[PDB]
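> The structure under discussion is supplied below as structure tokens; questions concerning it will follow.
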Amino acid sequence: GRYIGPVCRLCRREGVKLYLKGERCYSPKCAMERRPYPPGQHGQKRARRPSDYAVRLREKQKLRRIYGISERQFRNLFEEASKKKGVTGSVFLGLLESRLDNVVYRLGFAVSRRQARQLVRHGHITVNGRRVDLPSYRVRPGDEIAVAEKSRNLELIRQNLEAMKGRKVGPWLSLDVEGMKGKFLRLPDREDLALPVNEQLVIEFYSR
Amino acid sequence: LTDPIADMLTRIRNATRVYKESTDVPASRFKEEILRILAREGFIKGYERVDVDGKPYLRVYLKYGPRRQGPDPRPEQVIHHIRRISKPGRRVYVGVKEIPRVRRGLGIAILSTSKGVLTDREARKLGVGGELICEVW
Amino acid sequence: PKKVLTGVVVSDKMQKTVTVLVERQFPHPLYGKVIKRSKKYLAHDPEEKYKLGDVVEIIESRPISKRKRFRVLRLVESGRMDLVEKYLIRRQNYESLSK
Amino acid sequence: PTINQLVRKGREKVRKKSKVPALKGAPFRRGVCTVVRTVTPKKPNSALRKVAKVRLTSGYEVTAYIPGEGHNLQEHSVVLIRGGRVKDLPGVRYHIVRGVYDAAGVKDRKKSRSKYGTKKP
Amino acid sequence: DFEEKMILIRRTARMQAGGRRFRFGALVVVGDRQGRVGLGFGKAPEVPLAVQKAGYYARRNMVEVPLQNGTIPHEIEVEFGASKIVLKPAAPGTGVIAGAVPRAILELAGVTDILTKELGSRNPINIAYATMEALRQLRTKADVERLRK
Amino acid sequence: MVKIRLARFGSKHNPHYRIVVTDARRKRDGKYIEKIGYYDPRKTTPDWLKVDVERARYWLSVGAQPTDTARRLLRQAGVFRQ
RNA sequence: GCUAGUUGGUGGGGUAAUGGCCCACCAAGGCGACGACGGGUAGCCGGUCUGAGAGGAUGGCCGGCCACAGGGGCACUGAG
RNA sequence: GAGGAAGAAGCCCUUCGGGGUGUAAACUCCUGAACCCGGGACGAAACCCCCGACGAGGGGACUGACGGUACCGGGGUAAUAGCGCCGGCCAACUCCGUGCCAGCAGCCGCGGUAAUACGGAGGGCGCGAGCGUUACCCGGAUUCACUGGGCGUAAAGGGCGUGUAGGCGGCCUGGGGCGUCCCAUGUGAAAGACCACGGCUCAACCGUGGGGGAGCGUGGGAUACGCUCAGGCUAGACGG
RNA sequence: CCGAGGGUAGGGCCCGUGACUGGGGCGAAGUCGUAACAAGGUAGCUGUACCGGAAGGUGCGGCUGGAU
Ligand code: SF4
Ligand SMILES: [Mg+2]
Ligand SMILES: [Mg+2]
Ligand SMILES: [Mg+2]
Ligand SMILES: [Mg+2]
Ligand SMILES: [Mg+2]
Ligand SMILES: [Mg+2]
Ligand SMILES: [Mg+2]
Ligand SMILES: [Mg+2]
Ligand SMILES: [Mg+2]
Ligand SMILES: [Mg+2]
Ligand SMILES: [Mg+2]
Ligand SMILES: [Mg+2]
Ligand SMILES: [Mg+2]
Ligand SMILES: [Mg+2]
Ligand SMILES: [Mg+2]
Ligand SMILES: [Mg+2]
Ligand SMILES: [Mg+2]
Ligand SMILES: [Mg+2]
Ligand SMILES: [Mg+2]
Ligand SMILES: [Mg+2]
Ligand SMILES: [Mg+2]
Ligand SMILES: [Mg+2]
Ligand SMILES: [Mg+2]
Ligand SMILES: [Mg+2]
Ligand SMILES: [Mg+2]
Ligand SMILES: [Mg+2]
Ligand SMILES: [Mg+2]
Ligand SMILES: [Mg+2]
Ligand SMILES: [Mg+2]
Ligand SMILES: [Mg+2]
Ligand SMILES: [Mg+2]
Ligand SMILES: [Mg+2]
Ligand SMILES: [Mg+2]
Ligand SMILES: [Mg+2]
Ligand SMILES: [Mg+2]
Ligand SMILES: [Mg+2]
Ligand SMILES: [Mg+2]
Ligand SMILES: [Mg+2]
Ligand SMILES: [Mg+2]
Ligand SMILES: [Mg+2]
Ligand SMILES: [Mg+2]
Ligand SMILES: [Mg+2]
Ligand SMILES: [Mg+2]
Ligand SMILES: [Mg+2]
Ligand SMILES: [Mg+2]
Ligand SMILES: [Mg+2]
Ligand SMILES: [Mg+2]
Ligand SMILES: [Mg+2]
Ligand SMILES: [Mg+2]
Ligand SMILES: [Mg+2]
Ligand SMILES: [Mg+2]
Ligand SMILES: [Mg+2]
Ligand SMILES: [Mg+2]
Ligand SMILES: [Mg+2]
Ligand SMILES: [Mg+2]
Ligand SMILES: [Mg+2]
Ligand SMILES: [Mg+2]
Ligand SMILES: [Mg+2]
Ligand SMILES: [Mg+2]
Ligand SMILES: [Mg+2]
Ligand SMILES: [Mg+2]
Ligand SMILES: [Mg+2]
Ligand SMILES: [Mg+2]
Ligand SMILES: [Mg+2]
Ligand SMILES: [Mg+2]
Ligand SMILES: [Mg+2]
Ligand SMILES: [Mg+2]
Ligand SMILES: [Mg+2]
Ligand SMILES: [Mg+2]
Ligand SMILES: [Mg+2]
Ligand SMILES: [Mg+2]
């Protein structure tokens with residue numbers, strides 16, 4: 001299904017922080033703040049020159065591991081974005097950002113995309129009233145994302161919305177902490193996402 | 001001789017590649033139409049009708065760029081490339097929707113259509129097609 | 001509509017029948033060059049008006065026999081023995097192609 | 001060639017040749033071993049490579065390589081063969097599949113077990 | 001100053017009484033990703049000296065590369081001693097579709113979207129020279145109209 | 001004889017019928033002479049029944065015999081209305 | 001190189017109907033290097049896979065047409 | 001799922017100081033696939049009967065294999081992971097064992113006592129209910145080159161003439177309009193491909209609508225070019 | 001009368017196989033010589049003819065992809 005093993009080793013391999021854990025990522029004990037070298041026996045040896053294929057593969061793997069999506073789904077989404085009219089990198093980023101689990105992670109109902117996946121799957125999230133239990137559901141502009149009425153009195157949800165009363169969501173989103181409900185206004189822009197990714201490298205990787 | 005049009009284009013290419021001022025070609029009306037198209041598009045300065053040994057000839061006046069600085073000071077060309085498309089051994093016809101775009105719009109294609117000898121842009125504006133004579137850029 | 005072809009009479013040795021050589025042109029499907037092909041048709045000629053060298057028009061018709069599904073519609077021109085000569089020379093050249 | 005020459009004669013397509021004709025269009029073939037022996041490779045390699053003479057269901061009789069360390073094949077063993085030549089052995093074009101019919105899997109194999117037909121320990 | 005990309009390293013040999021003696025050749029491309037690109041081929045008894053000399057030669061031979069929206073103004077086909085390069089503009093999302101040598105040359109020049117193909121001989125040095133020539137022959141519409149009218 | 005009937009399309013547990021005019025000996029999902037309407041028995045859509053009234057009138061006028069379900073659907077769409 | 005019902009004509013038989021489809025007689029024609037004849041292989045198409053395109057390969061399922069119903073031949077009934 | 005050690009034990013490596021597996025585990029908190037209880041489908045309104053006139057148009061009833069299934073509500077446990085690869089191409093490296101043996105191999109090639117290439121182990125990379133292998137097709141192969149190749153020495157000019165079919169052909173004027181081009185119209189079924197909308201909680205899948213589309217028939221138009229007919233010219237060719 | 005099929009006789013083409021016999025490709029070693037690459041120790045190559053264990057030799061003519 002998905003990757004369910006150790007997750008800081010992914011950050012150490014990619015050489016950058018992929019915020020895949022939530023609170024611990026901003027703590028001093030983040031593994032990228034203590035051992036910023038790749039895992040294994042040879043992580044502290046001098047790095048050799050990366051080939052072009054290595055560079056493009058690492059960039060694509062970074063982008064894929066940020067969202068925790070399998071390679072089959074990732075490639076299907078990429079081909080779909082390439083079919084659409086519009087700059088394929090921006091369209092691909094928008095399609096990735098429209099997944100329900102990512103949307104409820106950004107709205108603040110969860111602290112990590114993994115937790116957002118568990119929230120959506122376990123029937124705690126409703127889109128436009130009806131309950132949706134599929135992380136891959138694609139949110140269209142105007143859709144209302146919210147916590148189920150019987151799930152509002154949940155400790156995890158209560159704490160998550162408490163910790164977000166100060167934090168402000170992106171321009172492409174709206175949140176009502178009192179109303180416990182979100183709103184997807186438009187496709188996110190490429191500048192609105194603080195992604196350590198060059199999408200041209202991903203496109204060139206998939207041209208091979 | 002088998003291809004007067006290709007022969008004239010070859011005369012122009014050969015004379016241009018040595019930076020001559022003018023070149024002569026045996027006269028004909030179709031050749032005159034092609035030369036008029038070339039002059040209107042700025043690839044040549046012009047052309048005129050003269051007599052050599054009592055025979056009618058067309059004198060074409062070639063045009064070049066400014067002098068260049070360096071190891072090679074020969075001026076750059078205004079006719080970089082000229083090529084015949086339809087040949088006696090293979091005739092090429094295109095409809096109005098098969099009209100090629102040469103050099104993304106910097107080059108031209110010459111067409112023989114029922115409305116006359118036109119540039120590709122001219123033929124597209126008139127919505128007509130025909131034989132493809134040559135491409136120039 | 002009934003197909004009308006135009007050709008030249010190259011054989012009139014049968015009774016009430018003329019062989020008509022019809023030529024057609026078409027561009028080559030892949031190489032683009034225009035090429036010529038020819039085909040012979042046996043055509044019904046009940047009154048035996050048309051002879052060697054005649055350029056005539058024939059029209060698709062009800063079967064008159066085997067191999068005979070066209071009828072001579074009208075005469076186009078006469079005195080075209082040169083086309084017949086081309087066909088006969090081409091046929092004669094085959095005798096030297098054997099082994 | 002000229003356009004007219006191409007019209008007269010055209011361009012000739014390329015016909016490929018099968019390297020595994022004894023398979024007769026199948027991915028695998030069953031056979032019976034008649035001779036099991038060892039052969040020596042060509043220069044520069046030096047070894048004693050284990051091969052079997054196999055009479056197949058398709059009517060041919062071929063030589064097949066036995067991969068892996070140690071085998072239990074002998075005369076009248078039933079085997080499955082697949083395509084793939086052994087470079088340094090003359091005339092050997094097929095591989096015995098380990099773990100099928102009378103060809104046991106490689107004992108004590110720990111890596112790449114889907115090849116060599118060894119169950120998970 | 002410019003970004004530096006090392007395209008090729010190789011060791012060549014000559015013979016004398018005693019045996020073979022080696023030399024190193026470095027092909028290096030220098031550019032600022034804004035319209036300037038240059039190529040240099042340096043030979044030296046040692047690799048770092050070869051790279052330094054290649055960069056020094058590259059900085060002394062640059063082309064202006066008339067970019068427009070990250071692509072080239074028109075398609076171009078250029079031959080250099082049995083090597084052939086074909087370049088074609090593309091839409092803003094295409095990316096750079098090229099082999100390693102043309103990709104390095106075009107990326108350091110500021111090209112973000114292009115379609116390329118290598119034909120004939122695929123020798124890296126001659127392919128790089130052909131790419132440089134093709135970039136040298138690029139003309140915009142203003143250039144051609146300043147030339148014709 | 002010519003009949004006006006229902007040809008099944010869609011997928012398993014999701015039937016979608018086309019009201020078509022065809023020869024009676026053709027198999028029910030085979031080629032038809034022409035298509036005049038469509039029907040969705042589950043009514044999952046605001047417009048789950050459409051009929052070309054003029055064409056159905058023409059085909060009825062020349063001797064096409066509808067089936068019971070087809071006749072019912074044509075009556076609902078108002079083909080026999082006077 | 002092939003062809004002797006072979007190619008054409010006249011009359012007839014047969015068919016829902018044209019026709020050497022079949023028969024009798026008369027003429028000597030018909031086809032072929034634009035590849036006849038012979039040998040090998042093959043159900044054909046809408047489509048499918050691949051490919052930048054041009055092209056190449058392919059015709060499982062689904063829709064259309066054809067052929068066959070143990071291997072051959074034949075007719076009856078019938079609108080078929 | 002969240003938190004969770006300058007970081008336990010085991011295992012591997014070490015320059016003997018330590019390094020890695022690794023927040024990974026353990027451990028605490030949270031959620032609740034499987035399971036349990038209850039409810040419960042759509043797909044089925046016609047033919048049929050009554051009135052009206054066995055018409056049009058109104059009224060009523062019967063009919064479920066799938067199936068107690070999908071689904072809904074209320075309870076509820078921390079709950080399968082494997083396969084290939086790690087010399088270059090090609091992403092991912094160390095130790096031990098062996099010693100041209102055993103073995104690996106798609107190509108180049110590895111192995112003959114210090115093997116990143118064989119076997120095992122620790123570690124790593126790629127995918128993941130899959131991962132590999134064999135067979136076949138297209139691609140890469142511009143390596144049958146129409147788009148888009150060549151023939152002095154790399155494979156490739158016939159030993160040389162003459163010439164049949166065929167292919168190609170100078171300048172000017174008019175007619176035809178066969179090729180060629182344009183316009184309208186018929187056909188190019190459905191499904192599939194594309195675009196938009198829509199139904200299954202998404203998706204696959206499906207529905208609706210729209211647009212394309214080579215070729216072919218028909219009617220009309222154009223005549224620059226090719227063809228064809230006719231009349232001229234002398235720069236090609238031939239003759240004196 | 002035609003007629004599936006069966007029978008008889010003579011041909012054409014193709015496939016498998018055969019005592020024996022001819023060459024070909026290959027080989028981390030054998031026997032005989034040393035023809036070619038240097039003017040390769042007789043410049044080489046070449047068509048043809050004859051000859052010799054073998055590479056090859058010689059005659060006649062040709063080429064330089066040899067020299068002077
Ligand atoms: S704590 Fe740091 S290293 Fe670990 S998953 Fe979060 S961002 Fe990555
Ligand atoms: Mg031609
Ligand atoms: Mg013909
Ligand atoms: Mg014809
Ligand atoms: Mg008759
Ligand atoms: Mg013979
Ligand atoms: Mg030529
Ligand atoms: Mg070896
Ligand atoms: Mg493995
Ligand atoms: Mg070169
Ligand atoms: Mg070249
Ligand atoms: Mg090459
Ligand atoms: Mg008879
Ligand atoms: Mg007959
Ligand atoms: Mg006959
Ligand atoms: Mg088709
Ligand atoms: Mg495509
Ligand atoms: Mg295509
Ligand atoms: Mg079929
Ligand atoms: Mg059939
Ligand atoms: Mg049968
Ligand atoms: Mg049977
Ligand atoms: Mg009946
Ligand atoms: Mg009857
Ligand atoms: Mg955890
Ligand atoms: Mg129901
Ligand atoms: Mg129940
Ligand atoms: Mg529940
Ligand atoms: Mg590597
Ligand atoms: Mg090995
Ligand atoms: Mg292995
Ligand atoms: Mg060792
Ligand atoms: Mg390996
Ligand atoms: Mg190992
Ligand atoms: Mg591809
Ligand atoms: Mg290649
Ligand atoms: Mg190809
Ligand atoms: Mg290619
Ligand atoms: Mg070509
Ligand atoms: Mg070549
Ligand atoms: Mg040569
Ligand atoms: Mg040459
Ligand atoms: Mg040679
Ligand atoms: Mg060659
Ligand atoms: Mg040669
Ligand atoms: Mg010669
Ligand atoms: Mg020769
Ligand atoms: Mg001679
Ligand atoms: Mg001759
Ligand atoms: Mg001649
Ligand atoms: Mg001759
Ligand atoms: Mg001639
Ligand atoms: Mg016309
Ligand atoms: Mg259609
Ligand atoms: Mg929807
Ligand atoms: Mg549709
Ligand atoms: Mg018409
Ligand atoms: Mg002409
Ligand atoms: Mg004349
Ligand atoms: Mg034999
Ligand atoms: Mg000698
Ligand atoms: Mg010697
Ligand atoms: Mg010697
Ligand atoms: Mg010596
Ligand atoms: Mg000697
Ligand atoms: Mg000698
Ligand atoms: Mg000697
Ligand atoms: Mg010598
Ligand atoms: Mg010599
Ligand atoms: Mg001799
Ligand atoms: Mg003699
Ligand atoms: Mg002698």
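Going through the structure tokens in order, the chains are called A, B, and so on, while each chain numbers its residues from 1 and the ligands are numbered from 1 in the order shown.
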Residues contacting ligand 40 - anything with an atom at most 9 Å away, using only C-alpha atoms (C1' of nucleotides) and all ligand atoms - can you give me those as a PDB file with C-alpha atoms (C1' of nucleotides), in the first residue's frame?

ATOM      1  CA  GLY E 120      25.553  10.702 -37.397  1.00  0.00           C
TER       2      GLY E 120
ATOM      3  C1'   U H 143      21.179   0.171 -39.165  1.00  0.00           C
ATOM      4  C1'   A H 145      17.319   6.601 -44.928  1.00  0.00           C
ATOM      5  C1'   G H 149      21.878   7.230 -45.865  1.00  0.00           C
ATOM      6  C1'   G H 150      25.421   6.106 -49.280  1.00  0.00           C
TER       7        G H 150
END
> Which residues are near stretch 5-20 of chain D? Cut-off 7 Å, only C-alpha atoms (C1' of nucleotides), ignore same chain within fewer than 4 positions. Put them as a list in words.
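With the cut-off at 7 Å, the set is residues 1, 83 and 93 of chain D; 144 of chain H.
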> Just list the residues in stretch 39-72 of chain E DSSP gives strand (DSSP E) on the backbone, as a PDB file with N, CA, C and O atoms, in the first residue's frame.

ATOM      1  N   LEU E  39      32.703  27.558 -24.717  1.00  0.00           N
ATOM      2  CA  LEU E  39      33.269  26.218 -24.650  1.00  0.00           C
ATOM      3  C   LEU E  39      34.789  26.282 -24.695  1.00  0.00           C
ATOM      4  O   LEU E  39      35.362  27.099 -25.421  1.00  0.00           O
ATOM      5  N   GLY E  40      35.437  25.408 -23.924  1.00  0.00           N
ATOM      6  CA  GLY E  40      36.884  25.352 -23.901  1.00  0.00           C
ATOM      7  C   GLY E  40      37.438  23.948 -23.784  1.00  0.00           C
ATOM      8  O   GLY E  40      36.944  23.132 -22.998  1.00  0.00           O
ATOM      9  N   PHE E  41      38.482  23.659 -24.555  1.00  0.00           N
ATOM     10  CA  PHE E  41      39.118  22.344 -24.589  1.00  0.00           C
ATOM     11  C   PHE E  41      40.583  22.517 -24.199  1.00  0.00           C
ATOM     12  O   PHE E  41      41.389  22.997 -25.000  1.00  0.00           O
ATOM     13  N   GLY E  42      40.928  22.125 -22.979  1.00  0.00           N
ATOM     14  CA  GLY E  42      42.271  22.308 -22.445  1.00  0.00           C
ATOM     15  C   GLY E  42      42.993  20.983 -22.266  1.00  0.00           C
ATOM     16  O   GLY E  42      42.413  20.014 -21.780  1.00  0.00           O
ATOM     17  N   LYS E  43      44.265  20.958 -22.648  1.00  0.00           N
ATOM     18  CA  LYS E  43      45.113  19.784 -22.502  1.00  0.00           C
ATOM     19  C   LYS E  43      46.283  20.114 -21.585  1.00  0.00           C
ATOM     20  O   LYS E  43      46.884  21.186 -21.698  1.00  0.00           O
ATOM     21  N   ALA E  44      46.607  19.196 -20.681  1.00  0.00           N
ATOM     22  CA  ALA E  44      47.646  19.447 -19.692  1.00  0.00           C
ATOM     23  C   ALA E  44      48.190  18.115 -19.199  1.00  0.00           C
ATOM     24  O   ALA E  44      47.534  17.079 -19.346  1.00  0.00           O
ATOM     25  N   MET E  62      32.824  33.170 -26.356  1.00  0.00           N
ATOM     26  CA  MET E  62      31.434  33.144 -25.930  1.00  0.00           C
ATOM     27  C   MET E  62      30.508  33.539 -27.073  1.00  0.00           C
ATOM     28  O   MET E  62      30.906  34.222 -28.021  1.00  0.00           O
ATOM     29  N   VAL E  63      29.256  33.098 -26.962  1.00  0.00           N
ATOM     30  CA  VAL E  63      28.202  33.378 -27.929  1.00  0.00           C
ATOM     31  C   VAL E  63      27.051  34.046 -27.187  1.00  0.00           C
ATOM     32  O   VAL E  63      26.892  33.873 -25.976  1.00  0.00           O
TER      33      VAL E  63
END
> Would you list the contacts of residue D:55 as an MDAnalysis selection string, taking every protein, DNA or RNA residue within 9 Å and counting only C-alpha atoms (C1' of nucleotides), but skipping same-chain residues closer than 2 positions in sequence?
chainID D and resid 30:34 53 57:63
> Take the selection from the previous step and output its residues with N, CA, C and O atoms, as a CSV table (one decimal), in the first residue's frame.

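Result file follows (part-v3.csv):
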chain,number,residue,atom,x,y,z
D,30,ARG,N,9.2,-28.5,-22.1
D,30,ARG,CA,9.6,-29.7,-21.3
D,30,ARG,C,10.4,-30.7,-22.1
D,30,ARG,O,10.2,-30.8,-23.3
D,31,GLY,N,11.3,-31.4,-21.4
D,31,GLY,CA,12.2,-32.4,-22.1
D,31,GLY,C,12.6,-33.4,-21.1
D,31,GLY,O,12.4,-33.3,-19.9
D,32,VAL,N,13.3,-34.4,-21.6
D,32,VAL,CA,13.9,-35.5,-20.9
D,32,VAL,C,15.4,-35.6,-21.1
D,32,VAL,O,15.8,-35.5,-22.3
D,33,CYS,N,16.1,-35.7,-20.0
D,33,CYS,CA,17.6,-35.7,-20.1
D,33,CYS,C,18.0,-37.1,-20.6
D,33,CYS,O,17.6,-38.1,-20.1
D,34,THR,N,18.9,-37.1,-21.6
D,34,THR,CA,19.6,-38.3,-22.1
D,34,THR,C,21.0,-38.4,-21.7
D,34,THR,O,21.5,-39.5,-21.4
D,53,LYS,N,22.0,-33.0,-22.2
D,53,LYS,CA,21.4,-33.2,-23.5
D,53,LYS,C,19.9,-33.5,-23.2
D,53,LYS,O,19.6,-34.4,-22.5
D,57,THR,N,9.7,-31.9,-26.1
D,57,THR,CA,8.4,-32.2,-26.6
D,57,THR,C,8.2,-31.7,-28.0
D,57,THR,O,7.3,-32.2,-28.7
D,58,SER,N,9.0,-30.7,-28.4
D,58,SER,CA,8.9,-30.1,-29.8
D,58,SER,C,9.6,-30.9,-30.9
D,58,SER,O,9.5,-30.4,-32.0
D,59,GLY,N,10.2,-32.0,-30.5
D,59,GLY,CA,10.9,-32.8,-31.5
D,59,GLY,C,12.4,-32.6,-31.7
D,59,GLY,O,13.1,-33.5,-32.2
D,60,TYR,N,12.9,-31.5,-31.2
D,60,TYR,CA,14.3,-31.3,-31.2
D,60,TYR,C,15.1,-31.9,-30.1
D,60,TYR,O,14.5,-32.4,-29.1
D,61,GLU,N,16.4,-32.0,-30.2
D,61,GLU,CA,17.2,-32.4,-29.1
D,61,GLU,C,18.4,-31.5,-29.0
D,61,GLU,O,19.2,-31.3,-29.9
D,62,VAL,N,18.5,-30.8,-27.8
D,62,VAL,CA,19.4,-29.7,-27.7
D,62,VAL,C,20.3,-29.9,-26.4
D,62,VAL,O,20.2,-30.9,-25.7
D,63,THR,N,21.2,-29.0,-26.2
D,63,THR,CA,22.0,-28.9,-25.0
D,63,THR,C,21.6,-27.7,-24.1
D,63,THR,O,21.4,-26.6,-24.7
> Quick one: residues within 10 Å of ligand 17, with only C-alpha atoms (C1' of nucleotides) and all ligand atoms, as a PyMOL selection string?
chain G and resi 50-53
> From the DSSP assignment of the backbone, select every residue of chain C that is alpha helix (DSSP H), and format the answer as a list in words.
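Of chain C, the ones in alpha helix (DSSP H) are residues 81, 82, 83, 84, 85, 86, 87, 88, 89, 90, 91 and 92 of chain C.
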> Would you give me, as a VMD selection string, the residues of chain H that come within 12 Å of chain F, using only C-alpha atoms (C1' of nucleotides)?
chain H and resid 42 to 47 55 to 57 66 70 189 to 191 198 to 200 205 to 208
> So what do you get for atom CA of residue E:117 versus atom CA of residue E:86, distance-wise?
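About the pair atom CA of residue E:117 and atom CA of residue E:86: they are 5.1 Å apart.
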> Residues within 9 Å of ligand 60, counting only C-alpha atoms (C1' of nucleotides) and all ligand atoms: report them as a ChimeraX atom specification.
/I:15-17
> How about saving the chosen residues, N, CA and C atoms (P, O5', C5', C4', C3', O3' and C1' of nucleotides) kept, as a PDB file, in the first residue's frame?

ATOM      1  P     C I  15      13.518 -29.667 -50.095  1.00  0.00           P
ATOM      2  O5'   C I  15      13.028 -30.676 -48.960  1.00  0.00           O
ATOM      3  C5'   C I  15      12.207 -30.237 -47.885  1.00  0.00           C
ATOM      4  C4'   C I  15      11.727 -31.390 -47.032  1.00  0.00           C
ATOM      5  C3'   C I  15      12.799 -32.311 -46.473  1.00  0.00           C
ATOM      6  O3'   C I  15      13.446 -31.782 -45.329  1.00  0.00           O
ATOM      7  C1'   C I  15      11.017 -33.603 -47.347  1.00  0.00           C
ATOM      8  P     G I  16      14.965 -32.188 -45.000  1.00  0.00           P
ATOM      9  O5'   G I  16      14.871 -33.688 -44.471  1.00  0.00           O
ATOM     10  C5'   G I  16      14.300 -33.984 -43.207  1.00  0.00           C
ATOM     11  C4'   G I  16      14.106 -35.468 -43.019  1.00  0.00           C
ATOM     12  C3'   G I  16      15.366 -36.320 -43.027  1.00  0.00           C
ATOM     13  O3'   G I  16      16.038 -36.319 -41.780  1.00  0.00           O
ATOM     14  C1'   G I  16      13.719 -37.323 -44.396  1.00  0.00           C
ATOM     15  P     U I  17      17.642 -36.380 -41.720  1.00  0.00           P
ATOM     16  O5'   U I  17      18.006 -37.829 -42.275  1.00  0.00           O
ATOM     17  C5'   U I  17      17.720 -38.994 -41.516  1.00  0.00           C
ATOM     18  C4'   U I  17      17.821 -40.245 -42.354  1.00  0.00           C
ATOM     19  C3'   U I  17      19.193 -40.570 -42.923  1.00  0.00           C
ATOM     20  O3'   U I  17      20.040 -41.213 -41.988  1.00  0.00           O
ATOM     21  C1'   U I  17      17.555 -40.811 -44.609  1.00  0.00           C
TER      22        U I  17
END
> Based on only C-alpha atoms (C1' of nucleotides), which of the residues in chain G come within 9 Å of chain C? I want them as a list in words.
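Therefore, the residues near the partner are residues 1, 7, 8, 9, 18, 19, 20, 27, 28, 29, 32, 33 and 34 of chain G.
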> Which residues, written as a short mmCIF file (atom, residue, chain, number, x, y, z; two decimals) with N, CA, C and O atoms, in the first residue's frame, have at least one atom at most 8 Å from residue E:66, with only C-alpha atoms (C1' of nucleotides) counted and residues fewer than 3 positions away on the same chain left out?

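Saved as part-v3.cif:
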data_model
loop_
_atom_site.label_atom_id
_atom_site.label_comp_id
_atom_site.auth_asym_id
_atom_site.auth_seq_id
_atom_site.Cartn_x
_atom_site.Cartn_y
_atom_site.Cartn_z
N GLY E 35 22.13 34.01 -21.11
CA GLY E 35 22.31 34.30 -22.51
C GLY E 35 23.73 34.15 -23.01
O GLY E 35 23.98 34.25 -24.21
N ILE E 72 14.56 28.87 -28.18
CA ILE E 72 15.30 29.44 -29.30
C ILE E 72 14.33 30.01 -30.33
O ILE E 72 13.19 29.54 -30.42
N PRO E 73 14.73 31.00 -31.13
CA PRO E 73 13.77 31.62 -32.07
C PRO E 73 13.33 30.72 -33.22
O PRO E 73 12.24 30.95 -33.76
N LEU E 138 21.97 31.36 -34.74
CA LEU E 138 20.60 31.73 -34.42
C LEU E 138 20.33 33.20 -34.74
O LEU E 138 21.12 34.08 -34.40
N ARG E 139 19.19 33.46 -35.38
CA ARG E 139 18.77 34.81 -35.74
C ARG E 139 17.34 35.05 -35.28
O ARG E 139 16.48 34.18 -35.42
N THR E 140 17.08 36.24 -34.75
CA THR E 140 15.73 36.63 -34.38
C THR E 140 15.04 37.33 -35.56
O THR E 140 15.65 37.60 -36.59
#
> So how many Å separate atom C1' of residue H:59 and atom CA of residue F:66, to one decimal?
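Atom CA of residue F:66 lies 24.8 Å from atom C1' of residue H:59.
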> Would you please work out which residue, of C:87, C:31, C:26, C:50, is nearest to chain B when using only C-alpha atoms?
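Residue with the minimum atom-to-atom distance to chain B: C:31.
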> Once you count only C-alpha atoms (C1' of nucleotides) and all ligand atoms, which residues end up within 8 Å of ligand 46, and could you hand them over as number ranges by chain?
H: 157-159
> Name the residues, by chain letter and number, that sit within 8 Å of ligand 66 using only C-alpha atoms (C1' of nucleotides) and all ligand atoms, and give them as a ChimeraX atom specification.
/I:36,40-44
